[PDB]
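Engineer: Below: one structure in structure tokens.
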Amino acid sequence: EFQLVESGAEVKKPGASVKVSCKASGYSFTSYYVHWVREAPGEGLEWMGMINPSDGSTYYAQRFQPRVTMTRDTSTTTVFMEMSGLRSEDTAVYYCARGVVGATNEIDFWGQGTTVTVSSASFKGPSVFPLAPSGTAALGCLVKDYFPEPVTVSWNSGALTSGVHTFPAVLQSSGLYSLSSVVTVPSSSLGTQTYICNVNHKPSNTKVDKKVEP
Amino acid sequence: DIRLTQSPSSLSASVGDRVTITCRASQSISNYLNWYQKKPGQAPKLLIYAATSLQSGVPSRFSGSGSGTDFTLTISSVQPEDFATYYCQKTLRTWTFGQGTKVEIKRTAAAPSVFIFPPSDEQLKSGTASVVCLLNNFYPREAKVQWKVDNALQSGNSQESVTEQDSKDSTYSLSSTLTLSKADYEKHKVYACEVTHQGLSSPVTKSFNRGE
């Protein structure tokens, strides 16, 4: 019933601008502040600023003050966060949140968040390479050179869930991501069982199935 | 204006333990401090507001205290759903967050199972070679991985990732990837991964020889 729906995941070129929207619903719009908080991968929560949708008054963190503009549209009960001069360090999930201020001060309700990725890389499906097995055996799938995030890996559709580790992706110097998914299996199975990684890169409409053989 | 310092950065605990987390303000911020729980892949959840007030629907095991410059968030007995990152937030002027204190699950030491993967033949077709080193199911998190090519220490040319604590055994796993051109890769014979971990008596080395 309370809702703060945020714009969908976005990719923007460095130096460009982004305008994230926050559509509020299920409570009276003018009665709560809207906060914007972000989280870059590997960093802690970062508060950007507030806006009073009643007047349009803003309060920014000094750190975002010259690049970040927050606006609202009361007719559509929607709040906006615009950020200009985007740099890779601006790659984060951006949240909007509903907050009472003054007699009591808290942020009580949160949006789902929006990923903004800042890069010049073009969308690209992954190359999938086998990590061949060499009492238990490990094998896997090296999922190389894709953009953007995310990728999903499952094993055997997925009959195999046990002992699986799909690693967080790394940003390579190329600007493409890369990860490994590994599983442990019985060494006795390598003669009988065929092991397939099912890699799904939704952002590029790419599905790859790579058989991993000893 | 006013800085917030959270302590510790990392903490390990068992179910039913009492955990205490600290936030120190560089100047007096009085009442205006909130505490949040944040798990990966979700928005923060408000636990404590105004330093000492319990947010509705929050279990009693959570409590905050302090005023001025020193704040405490304690969890009386830690329950298994409580393992998350915790943030303090100033709710005055700029609503600055603290750095976060990560509360992870305590367990007995476990040595990593170590594995090395040579590049696949189809990747070599692309003119790139990636050697992957797997460190499986180890505790605690702190570990050290070293790549050695022809017994020469490698530095700054590999990437690594660590999993979060496993949901069943609470261990970590780490993957490290050394990536070279096919040209460079074919210029060397011996690729090695050396790992030191407190669960190991002496450092473990996995390795292979390109032509073999």
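Just so we're on the same page: first chain in the structure tokens is A, next is B, and so on; residues restart at 1 for each chain, and ligands are numbered from 1 in the order they show up.
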With only C-alpha atoms as the counted atoms, please give the residues lying no more than 8 Å from stretch 210-213 of chain A, apart from itself and same-chain residues fewer than 3 positions off, as a list in words.

Structural biologist: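 In the requested format, the answer is residues 128, 129, 130, 131, 132, 133, 139, 140, 141, 190, 194, 195, 196, 197 and 198 of chain A.
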
Engineer: Counting only C-alpha atoms, which residues from chain B have an atom at most 7 Å from any atom of chain A, and could you show them as a PyMOL selection string?

Structural biologist: chain B and resi 43+46+49+91+94-97+99-100+117+120+123+161-163

Engineer: Restricting the calculation to only C-alpha atoms, which member of B:92, B:11, B:51, B:111 is positioned closest to residue B:27?

Structural biologist: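 Going through B:92, B:11, B:51, B:111 one by one, the smallest distance to residue B:27 is for B:92.
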
Engineer: Could you give me, as an MDAnalysis selection string, the residues within 8 Å of residue B:150, counting only C-alpha atoms and dropping anything in the same chain fewer than 5 positions from it?

Structural biologist: chainID B and resid 188:191

Engineer: Applying 7 Å and only C-alpha atoms, which residues near residue A:68 remain after dropping the ones on its own chain fewer than 6 positions away? List them as an NGL selection string.

Structural biologist: :A and (81-84)

Engineer: For stretch 4-6 of chain A, find every residue with an atom within 6 Å (counting only C-alpha atoms), except residues of its own chain fewer than 5 positions away, and show them as a list in words.

Structural biologist: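 Once the adjacent positions are removed, what remains is residues 21, 22, 23, 24 and 111 of chain A.
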
Engineer: One decimal, Å: what's the distance from atom CA of residue A:52 over to atom CA of residue A:98, could you say?

Structural biologist: 10.4 Å

Engineer: Please run DSSP on the backbone and report, as a ChimeraX atom specification, all residues within stretch 108-187 of chain A that come out as helix (DSSP H, G or I).

Structural biologist: /A:156-158,187

Engineer: Write to file, as a tab-separated table (two decimals), in the first residue's frame, the residues of the selection just made, with N, CA and C atoms.

Structural biologist:
chain	number	residue	atom	x	y	z
A	156	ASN	N	22.78	-27.24	-14.22
A	156	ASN	CA	21.84	-28.30	-14.57
A	156	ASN	C	20.34	-27.94	-14.46
A	157	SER	N	20.00	-26.67	-14.79
A	157	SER	CA	18.60	-26.23	-14.92
A	157	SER	C	17.53	-26.02	-13.79
A	158	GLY	N	17.80	-26.04	-12.48
A	158	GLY	CA	19.07	-26.28	-11.84
A	158	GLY	C	18.90	-27.43	-10.85
A	187	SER	N	33.94	-36.71	-7.28
A	187	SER	CA	34.93	-37.15	-8.25
A	187	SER	C	34.44	-38.37	-9.03

Engineer: What's the 8 Å shell around residue B:109, counting only C-alpha atoms, without same-chain residues fewer than 5 positions away, as number ranges by chain?

Structural biologist: B: 138-140, 198-199

Engineer: Atom CA of residue A:9 and atom CA of residue A:202, how far apart in Å?

Structural biologist: 12.4 Å

Engineer: Run DSSP on the backbone and give me the residues of chain A it puts in strand (DSSP E), as number ranges by chain.

Structural biologist: A: 3-6, 10-12, 18-25, 33-39, 46-51, 58-60, 68-73, 78-83, 92-100, 106-110, 114-118, 127-131, 136-146, 152-155, 165-166, 170-171, 177-186, 195-201, 206-212

Engineer: Point out the residue among B:93, B:38, B:125, B:102 with the least atom-to-atom distance to residue B:19, counting only C-alpha atoms.

Structural biologist: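 Of B:93, B:38, B:125, B:102, the one nearest residue B:19 is B:102, counting only C-alpha atoms.
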
Engineer: Tell me, as a PyMOL selection string, which residues lie within 9 Å of residue A:175, counting only C-alpha atoms; anything in the same chain fewer than 6 positions away does not count.

Structural biologist: chain A and resi 119-121+145-147

Engineer: Would you export the selected residues with C-alpha atoms as a compact mmCIF listing (two decimals), in the first residue's frame, please?

Structural biologist:
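Produced file again35.txt, reproduced below:
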# COMPACT_ATOMS: atom_id res chain seq x y z
CA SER A 119 30.41 3.66 -18.42
CA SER A 120 31.24 4.06 -22.09
CA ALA A 121 31.04 0.34 -22.75
CA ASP A 145 33.65 -9.83 -20.85
CA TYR A 146 29.98 -8.82 -20.42
CA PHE A 147 28.24 -5.47 -19.91

Engineer: Counting only C-alpha atoms, figure out which residue out of A:88, A:204, A:152, A:193 gets nearest to residue A:15.

Structural biologist: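 With only C-alpha atoms as the atom set, the closest residue is A:88.
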